[PDB]
Amino acid sequence: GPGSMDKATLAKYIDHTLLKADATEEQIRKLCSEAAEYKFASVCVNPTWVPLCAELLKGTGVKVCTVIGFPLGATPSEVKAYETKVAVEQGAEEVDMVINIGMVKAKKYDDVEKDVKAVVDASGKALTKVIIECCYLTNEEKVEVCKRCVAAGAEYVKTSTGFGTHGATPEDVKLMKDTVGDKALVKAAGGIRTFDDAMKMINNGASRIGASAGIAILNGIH
Amino acid sequence: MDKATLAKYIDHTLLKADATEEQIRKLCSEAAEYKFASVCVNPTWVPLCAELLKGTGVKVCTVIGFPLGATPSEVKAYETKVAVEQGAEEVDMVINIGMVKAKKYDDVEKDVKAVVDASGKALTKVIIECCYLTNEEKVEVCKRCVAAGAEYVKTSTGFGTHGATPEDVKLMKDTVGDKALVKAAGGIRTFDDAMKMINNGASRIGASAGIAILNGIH
Amino acid sequence: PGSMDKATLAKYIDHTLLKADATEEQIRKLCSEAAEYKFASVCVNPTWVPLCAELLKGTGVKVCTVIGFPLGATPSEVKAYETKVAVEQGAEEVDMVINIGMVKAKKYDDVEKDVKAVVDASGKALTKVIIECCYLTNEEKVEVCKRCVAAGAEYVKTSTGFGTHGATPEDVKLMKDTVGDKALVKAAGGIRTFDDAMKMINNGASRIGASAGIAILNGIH
Amino acid sequence: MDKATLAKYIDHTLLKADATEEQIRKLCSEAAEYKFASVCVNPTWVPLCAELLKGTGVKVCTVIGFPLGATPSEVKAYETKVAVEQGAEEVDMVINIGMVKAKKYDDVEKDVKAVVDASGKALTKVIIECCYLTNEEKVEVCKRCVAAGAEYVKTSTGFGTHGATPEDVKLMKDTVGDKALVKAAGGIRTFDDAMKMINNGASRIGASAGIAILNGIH
Ligand code: NA
Ligand code: NA
Ligand code: NA
Ligand code: NA
Ligand SMILES: [Zn+2]
Ligand SMILES: [Zn+2]
Ligand SMILES: [Zn+2]
Ligand SMILES: [Zn+2]
Ligand SMILES: [Zn+2]
Ligand SMILES: [Zn+2]
Ligand SMILES: [Zn+2]
Ligand SMILES: [Zn+2]
């Protein structure tokens with residue numbers, strides 16, 4: 001049988017992340033080196049660092065993931081689409097966009113779907129994840145946003161940016177996964193620091209984990 | 001300092017990710033009533049604010065590559081082009097801090113120049129995000145902003161570890177002299193806060209507490 | 001299950017008032033609140049120690065005060081005397097500020113001596129050392145924390161709340177990674193919400209300095 | 001009014017918590033070059049400044065219970081005793097504002113007298129921190145400073161919400177008459193700012209901008 005969670009298996013959940021505004025070339029290179037050694041699913045970096053990461057990770061099995069309209073989501077759809085086009089051109093294999101929360105609060109859900117669809121269209125062969133930023137949403141809004149992401153064709157819905165008031169909760173992961181079922185996957189991100197934290201998210205339906213602490217998580221397996 | 005004069009220093013700001021249309025409408029209403037210099041809003045709200053503020057003397061200001069600054073120059077440029085097309089009269093861009101930390105200051109200048117070019121008739125302010133910079137970095141970034149043709153250098157996004165300090169404003173103003181103007185932003189809550197910035201060289205104040213600032217004159 | 005509740009969270013909080021123009025009435029209110037909500041401590045300037053010690057007799061709430069605060073730029077013997085007087089007057093914890101000039105000169109044996117002077121003066125009172133992260137490099141934060149453990153301080157503390165900024169979750173984690181279980185970490189300054197507080201606690205903080213403790217308790221979610 | 005005369009109004013000040021040995025050496029070098037009245041530094045730097053300023057005619061001034069004033073009188077007195085032993089020639093203490101707000105003015109007076117007695121040959125200045133006081137409180141505190149034997153009353157720490165105002169300087173001088181002198185500090189940036197405070201009764205000026213103040217004479 002598959003037995004207990006192990007290093008090889010858990011590593012493939014991890015998007016090894018560095019998104020601080022003042023991140024340096026040296027830190028980005030170290031992130032890539034770490035991800036290649038630990039065989040993480042991806043690195044997740046801001047769009048400026050995409051082509052460097054793509055070069056460094058060619059052949060390693062580690063994907064380049066980036067963030068779109070991040071972390072506020074408060075820019076026009078055409079701008080999110082353009083940033084997506086450029087990121088994929090430059091080597092991004094996954095893009096994680098932030099929703100327009102103003103549209104959600106206005107109940108303009110057809111516009112939310114169109115905003116996601118603009119990024120989905122621009123992504124091409126790259127996978128699209130949509131950050132719904134749970135900390136600012138009601139449960140009704142979480143559910144309806146997830147439905148619109150599936151309708152727009154996004155492969156993933158994602159809990160949080162890590163920059164808001166709070167990040168992933170197991171309850172949110174479960175609500176999101178119950179909403180999308182097998183039609184989309186769930187990424188839990190923000191405040192995930194330990195092996196036990198990661199497992200709680202995975203046990204509630206997460207197929208991917210966004211973290212800066214991937215090393216600590218992988219090395220805490222027992 | 002009287003209220004009308006102080007009001008024209010103020011960029012009445014709402015940049016929260018979860019800001020609502022109702023809040024943006026109130027922001028515009030307040031700016032027009034109190035005759036603030038501008039509203040400062042995320043790019044999604046430019047069309048609405050441009051329509052609401054037509055004829056009021058209040059400018060529409062938006063933020064570019066914000067708040068992290070960590071996206072290609074061409075993306076900052078495109079966002080700027082769209083914003084100006086949609087009615088933005090000022091654009092406040094965030095620098096690529098990675099370039100600064102690499103000491104690639106020619107690259108920092110080109111990144112600014114990309115947004116300056118795209119701004120057209122709109123004024124460009126450059127957010128240098130002082131809280132993450134050394135003093136040497138603040139000075140050199142400011143010099144590159146002038147070289148690139150930006151009208152303003154700006155202390156902060158309001159999303160970093162801290163915002164405007166009077167010492168940062170003075171350093172920035174000493175560097176640019178009369179070749180550019182300085183905007184202080186982030187954490188400015190009172191009249192006394194605003195005046196510390198103005199007296200150290202700020203020509204503009206970014207705040208949410210504008211009404212309280214006007215009413216706190218003493 | 002295992003989520004934070006109000007009784008547990010309250011014991012992280014040092015209910016703080018340090019403004020130069022704080023009033024007797026405000027200090028009395030601070031004590032009354034801390035007693036009612038069973039906060040860990042009140043944190044007040046040394047002048048208010050005897051009043052707080054009297055008010056909090058029989059409550060479980062500790063009297064914490066601040067030493068060489070907020071600038072840290074006075075001789076060790078003066079920090080030590082202020083500590084002695086504070087403890088004599090009823091202080092149960094003292095929170096000193098480091099001499100930052102020593103750190104910038106890379107005179108870390110002198111930083112250790114400065115902390116040890118306060119630790120020696122503290123007697124029965126616990127010592128916390130404010131390192132004022134906003135003014136320090138990461139290398140400096142690490143070395144200062146090491147010297148605090150060497151001197152025998154029970155706590156290292158992020159910030160005064162009077163500098164350019166206060167506690168960051170990254171600073172809390174760096175400090176805790178440095179001291180391990182040899183010392184505890186207090187996060188202070190700019191902590192306004194339950195979410196702010198939890199970011200600090202989840203990164204290693206055993207105590208939270210704040211003025212908004214009632215709202216923090218009310219904000220659990 | 002000329003440069004040498006104005007220079008002797010100025011206490012050349014650096015009190016930031018993160019001030020460095022290099023910066024304090026530069027402060028002393030500048031004060032000796034421009035012949036300012038004093039340097040004003042935190043108590044930790046008194047021995048170095050005393051050594052550096054020997055024979056220059058510049059006094060070493062330091063601050064006591066600063067900037068909050070919220071520590072017992074015996075502690076302010078001990079800090080004062082150490083400072084003077086270490087070479088301080090002037091000490092600038094901060095009042096206990098909680099005492100003022102409780103109208104415990106005999107206790108305010110005792111607090112000042114503790115530092116006065118401890119100062120010995122060094123002159124004592126008392127920072128009343130006007131920004132936190134009512135006008136009635138400023139007047140009463142100034143009377144108590146005279147009663148306790150302080151040579152100076154001083155407007156501000158420069159760390160509070162606002163610094164010297166001409167109206168406060170005037171009120172303070174009107175209260176003390178010729179029985180004490182007034183020092184204006186906080187926010188004094190230019191020649192005309194300094195002259196305005198002097199016009200209102202200031203005999204001393206606390207500032208970091210002394211060189212610019214002298215160079216702005218007109
Ligand atoms: Na795609
Ligand atoms: Na332009
Ligand atoms: Na002790
Ligand atoms: Na004397
Ligand atoms: Zn990503
Ligand atoms: Zn929350
Ligand atoms: Zn476990
Ligand atoms: Zn703006
Ligand atoms: Zn304390
Ligand atoms: Zn002095
Ligand atoms: Zn004021
Ligand atoms: Zn003039």
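Hydrogens, waters and symmetry mates play no part in the numbers below; they use all other heavy atoms, side chains included. Whatever order the structure lists them in is the order used to number ligands and atoms, beginning at 1. Residue numbering restarts at 1 for every chain, and letters A, B, ... go by the order of the sequence lines.
If you count the protein N, O or S atoms nearer to the Na ion (ligand 4) than 3.0 Å, you get 3.
Using a 4.0 Å cut-off between charged side-chain N and carboxylate O, A/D15 and A/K158 make no salt bridge. With respect to A/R208 and A/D96, no salt bridge is recorded, no charged nitrogen being found less than 4.0 Å from a carboxylate O. Between A/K85 and A/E89, at least one side-chain nitrogen of the basic residue sits less than 4.0 Å from a carboxylate oxygen of the acidic one, meeting the salt-bridge criterion.
Under the 30°/60° scheme for interplanar angles, the aromatic rings of B/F66 and B/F159 are found to stand perpendicular.
Taking distances strictly below 2.8 Å, the protein N/O/S atoms close to the Zn ion (ligand 5) are A/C44 SG, A/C65 SG.
Looking only at distances, a side-chain donor or acceptor of C/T83 sits under 3.5 Å from a matching main-chain atom of C/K79. In this structure, the side chain of D/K125 does not engage the main chain of D/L181 through any donor-acceptor pair within 3.5 Å.
The environment of NZ in A/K12 is crowded: more than 12 heavy-atom neighbours from other residues, nucleotides or ligands sit within 6.0 Å.
Two residues are said to be in side-chain contact when any heavy atoms from C-beta on lie closer than 4.5 Å; A/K142 and A/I132 meet this criterion.
Between A/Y82 and B/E74, the side chains place a donor N or O and an acceptor N or O closer than 3.5 Å (distance only, hydrogens not considered).
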